[PDB]
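Residue numbers (the authors' numbering), protein chains in the order written: chain A, 1548 to 1702; chain B, 31 to 125; chain C, 24 to 102; chain D, 12 to 118; chain E, 40 to 134; chain F, 1084 to 1242, 1253 to 1315.
The structure under discussion appears below in the form of structure tokens.
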Amino acid sequence: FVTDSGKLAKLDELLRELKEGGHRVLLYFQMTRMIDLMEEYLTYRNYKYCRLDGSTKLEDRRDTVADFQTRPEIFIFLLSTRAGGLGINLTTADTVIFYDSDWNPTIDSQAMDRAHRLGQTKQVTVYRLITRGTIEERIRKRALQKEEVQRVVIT
Amino acid sequence: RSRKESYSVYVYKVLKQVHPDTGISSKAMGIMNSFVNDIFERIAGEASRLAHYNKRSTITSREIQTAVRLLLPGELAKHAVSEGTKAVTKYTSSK
Amino acid sequence: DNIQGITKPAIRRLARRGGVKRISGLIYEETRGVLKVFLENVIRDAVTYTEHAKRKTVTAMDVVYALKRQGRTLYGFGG
Amino acid sequence: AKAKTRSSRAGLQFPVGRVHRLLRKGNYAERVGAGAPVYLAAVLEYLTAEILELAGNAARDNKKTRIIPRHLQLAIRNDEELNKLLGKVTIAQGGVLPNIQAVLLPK
Amino acid sequence: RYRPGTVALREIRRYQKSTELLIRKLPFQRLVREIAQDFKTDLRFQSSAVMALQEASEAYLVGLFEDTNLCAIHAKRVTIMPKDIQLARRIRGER
Amino acid sequence: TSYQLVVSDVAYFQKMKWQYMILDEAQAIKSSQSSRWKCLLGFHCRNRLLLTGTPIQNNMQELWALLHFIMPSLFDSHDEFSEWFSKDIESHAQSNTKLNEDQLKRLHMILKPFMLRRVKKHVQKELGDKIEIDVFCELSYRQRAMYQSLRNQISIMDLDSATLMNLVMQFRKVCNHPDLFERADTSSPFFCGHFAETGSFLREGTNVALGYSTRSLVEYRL
DNA sequence: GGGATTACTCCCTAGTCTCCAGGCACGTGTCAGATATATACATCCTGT
DNA sequence: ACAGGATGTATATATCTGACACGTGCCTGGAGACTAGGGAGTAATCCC
């Protein structure tokens, strides 16, 4: 059950590594049924977690992110990538995992900024999971070119 | 505030008994209310005339039954008298 | 002259709901007349009920009573 | 002394006490029997059920889970007995039965 | 162009399924007040009263149109004529 | 107020005259073919302060709907930037080949107004550092088998479940996890006997009783 | 035969104080629906 | 008739509003126990 994927396999290794590191990380993904199945995986391998998509109401959104940012032990988030572009606060987060690399770099970097806040204390590292020979490398290249044109025009 | 009574909760309960997974609109609610009111006035009126015809000053269950036999047609009246008799019998037993 | 307010296609529509395929030309004026008489009687009784209640505003219940006393009970407005 | 309703004792839903009050203060007779309110409430509740049932059926036919006046009209005008009962009754926003004569049908 | 009869039947099927009012609201209101101004001066009308009047009016007219159509078909015709309306009213006991 | 509000209240607020429209987030107004942008057009506003996240995707119909809507005298010149949309498609070709200078100095003329940049270097000097680490992965046998089952599906559909975005975003899903595409639930061996099927779900509500109804279809009658 | 009337014992309902809860008046919440975004391909209509 | 650019479709998410729905304070009409006047039940009997 849910393992049988290399993305998930390397994620399993790095989640063990960051448990040894002692850093509560993140997830961002596009299609939150994957987030449901990852919820099952993480409840399974015994990781205290919290979930935040668009389906939760606004007071629940702000209160569960407050409950994260006051508690130093709950270990992994679940977020919609695009709906992470709110005015939320994640200073207590310290590491980022993108399970996906979809089109807009400013969404991805915006969620990165939601981690890499003005109140950020330490280096936050970001792991973008990549496959081989498959279409997410194409989307990575296309987004990278669009990022390039964006940054040269408004630098 | 002057509360105005209605048969809303009752027809709602009946609705839940016969069709647990169906709803009811406000217009149809008022229609059902007016319906029950009309039949009430009809049966009670005919029962009153029955009591007056036989020089009686008391409307018992007999007058109501005869009135239902006169107003409702055919099988509707039969089942009505059936349900009525069942109810008045069960009420008579359980004090 | 508001009886002409009830237009020809309106009467046509009513006839369609009644299940009529072809309509004569002399139908419309007749319909206006019949409607005029019907409304005359009903509104007369309604205003009578209103004046009996010492009110200057004819309510819906007055219409309901008026229709009920003409043998045309109406559900969905009280009573 | 642990009061209970007369509707519960009669195994009905419609208010027996309310019906009794209306009969008393409705200028129908000087006195009213004790079987009259339970009997009348039973008949009213039964008729209510018979209409709501067919109305629920007509509602199910139109793929709607809320009974509207149209469903009530379709329920009453098809049941011959119910139709005779409400022959001089006009149901608001109920429309008419879809009925086209054979002569008006295309050749 | 459809043959003369198809659009008519389509309209019959169209309006026999609908339940909303057919006569325009404001002209009917003006007619109501014009007829009412001969019984009581400076009359005020509840909206629900006017709506009730229109519901009963359209219902009456449709019911009359059915019988009228039946009178028309009875005389081996597919066109309603004033004779049919007058006959219907006569048998109903209104004329 | 907000945006669906002013697409509702547009017929009202067009009678209200304004000196300061302040759009805070025009990445909600990121594109044309946009009823929100069109209702933002029809007001009488002397100052329309345009704010967003940043400029985004270099289709630059985005940059049209910025540049012409914000200011006159470029107000229709975005269809001159349709010839610079030929520049915008060779902007991909110069993402390949950065050796052209036709609009950039002209944009330096343009972007001395119309824009005001405060940089990350002004703000990250307070902060520390952030570093991306790129980790590659693979496909499992079942995963690569379903991926080239999708390649057999484009083999059979360029020549079921044939949506084109089933194609692209299920390439994405089979990167993510194969069991999103339908998986069988927890199984059992086949049963030969005769049990008792439950009639419906909406009858036996809460207090039900299970009955050992297991009998063999093989009967022996004595 | 059976409806009218009469003599007469009596059960049944009006009447009344107490009182308590079901039901009215009016309050906060929940999906349904709409409208977006975005990514390709698919397709249709028109002009060339 | 074929090519090109428009609109259309598809899969997956998102936000934001509408017309329902449920939930609660609290009055007044129903229920309970009771007496006693009396309409009604019922046997008897004239006689249409």
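Yeah, the Cβ is synthetic: ideal placement off N, Cα and C, and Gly gets one too.
Along chain C, in chain order, which residues have C-beta atoms closer than 7 Å to that of residue i?
i, result
"E:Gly-44", "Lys-44"
Please work out which residues of its chain come closer than 6 Å, Cβ to Cβ, to residue i, disregarding the five sequence neighbours upstream and downstream, and give them in chain order.
i, result
"A:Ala-1662", "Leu-1637, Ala-1640, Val-1643 and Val-1671"
"F:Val-1093", "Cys-1122"
In this structure, does DSSP put residue i in helix, strand or coil?
i, result
"B:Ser-32", "coil"
"F:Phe-1219", "strand"
"F:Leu-1134", "coil"
"F:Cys-1268", "helix"
"B:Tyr-42", "helix"
"A:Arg-1629", "helix"
"D:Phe-25", "coil"
"E:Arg-83", "strand"
"A:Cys-1597", "strand"
"F:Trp-1120", "helix"
"A:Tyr-1575", "strand"
"F:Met-1104", "strand"
Identify, in the order they occur along the chain, each residue of the same chain with its Cβ nearer than 7 Å to the Cβ of residue i, setting aside the five sequence neighbours on each side.
i, result
"D:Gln-84", "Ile-102, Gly-105 and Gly-106"
"B:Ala-107", "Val-98 and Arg-99"
"B:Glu-93", "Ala-77, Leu-80 and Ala-81"
"A:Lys-1595", "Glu-1620, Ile-1621 and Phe-1622"
"C:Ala-89", "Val-65, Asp-68, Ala-69 and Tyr-72"
"C:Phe-61", "none"
"E:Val-89", "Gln-68 and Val-71"
Check whether the Cβ atoms of residue i and residue j sit closer than 8 Å, and answer yes or no.
i, j, result
"B:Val-44", "D:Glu-56", "yes"
"F:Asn-1269", "A:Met-1659", "no"
"F:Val-1261", "F:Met-1229", "no"
"C:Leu-58", "E:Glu-94", "no"
"C:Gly-101", "C:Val-81", "no"
"C:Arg-67", "D:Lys-99", "no"
"D:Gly-44", "B:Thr-122", "no"
"F:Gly-1125", "F:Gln-1087", "no"
"E:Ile-51", "C:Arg-92", "no"
"D:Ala-47", "D:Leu-34", "yes"
"A:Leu-1573", "A:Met-1585", "no"
"F:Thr-1135", "F:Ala-1176", "no"
"B:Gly-60", "C:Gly-99", "yes"
"F:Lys-1213", "A:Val-1673", "yes"
"F:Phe-1168", "F:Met-1192", "no"
Identify the contact partners of residue i in chain C, using a Cβ-Cβ distance below 9 Å as the criterion.
i, result
"D:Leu-33", "Within 9 Å Cβ-Cβ: nothing; D:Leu-33 doesn't reach chain C, min ~14 Å."
"B:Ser-64", "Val-87, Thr-96, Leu-97, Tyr-98, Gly-99, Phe-100, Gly-101 and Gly-102"
Residues of chain B with CB under 7 Å from residue i, in chain order?
i, result
"D:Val-107", "Within chain B, no residue comes near D:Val-107; the closest Cβ sits about 16 Å away, beyond 7 Å."
"D:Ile-102", "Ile-61"
Kindly list, in the order they appear in chain B, the residues whose Cβ is closer than 8 Å to that of residue i.
i, result
"D:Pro-80", "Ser-55, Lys-57, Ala-58 and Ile-61"
By the 10 Å Cβ neighbour count, where 16 or more other Cβ atoms means buried, how is residue i classified, buried or exposed?
i, result
"F:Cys-1285", "exposed"
"F:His-1205", "exposed"
"F:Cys-1128", "exposed"
"C:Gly-42", "buried"
"F:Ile-1172", "exposed"
"A:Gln-1667", "buried"
"A:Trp-1650", "exposed"
"F:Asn-1183", "exposed"
"C:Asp-85", "buried"
Give the interface partners of residue i over in chain A, defined as CB-CB distance under 9 Å, in chain order.
i, result
"F:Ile-1216", "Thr-1672, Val-1673, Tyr-1674 and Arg-1675"
Give me the chain E residues within the contact set of residue i, using Cβ-Cβ distance strictly less than 8 Å, ordered along the chain.
i, result
"residue 13 of chain C", "Nothing about residue 13 of chain C can be read from this structure; chain C reaches only from 24 to 102."
Which residues in chain D have a C-beta closer than 9 Å to the C-beta of residue i? List them in chain order.
i, result
"C:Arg-39", "Neighbours of C:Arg-39 on chain D: none; closest Cβ ~10 Å, over 9 Å."
Considering only residues of the same chain and omitting the five flanking positions on each side of residue i, which have a CB-CB separation below 8 Å?
i, result
"E:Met-120", "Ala-111"
At 8 Å on the CB atoms, spell out the chain C contacts of residue i, in chain order.
i, result
"D:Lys-99", "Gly-94, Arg-95 and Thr-96"
"D:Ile-111", "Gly-42"
"E:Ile-119", "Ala-38, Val-43, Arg-45, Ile-46, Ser-47 and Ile-50"
Determine the chain D residues that contact residue i at a beta-carbon separation under 7 Å, and present them in chain order.
i, result
"B:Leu-102", "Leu-96"
"B:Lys-120", "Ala-21 and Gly-22"
Can you list the residues of chain A that residue i reaches, using a CB-CB cut of under 8 Å?
i, result
"F:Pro-1138", "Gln-1697, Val-1700 and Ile-1701"
"F:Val-1261", "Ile-1682"
Taking C-beta pairs closer than 7 Å, name the residues in chain A that residue i reaches, listed in chain order.
i, result
"F:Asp-1212", "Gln-1670"
Can you name the residues of chain E whose CB is closer than 9 Å to the CB of residue i?
i, result
"D:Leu-115", "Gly-44, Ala-47, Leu-48, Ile-51, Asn-108, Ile-112 and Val-117"
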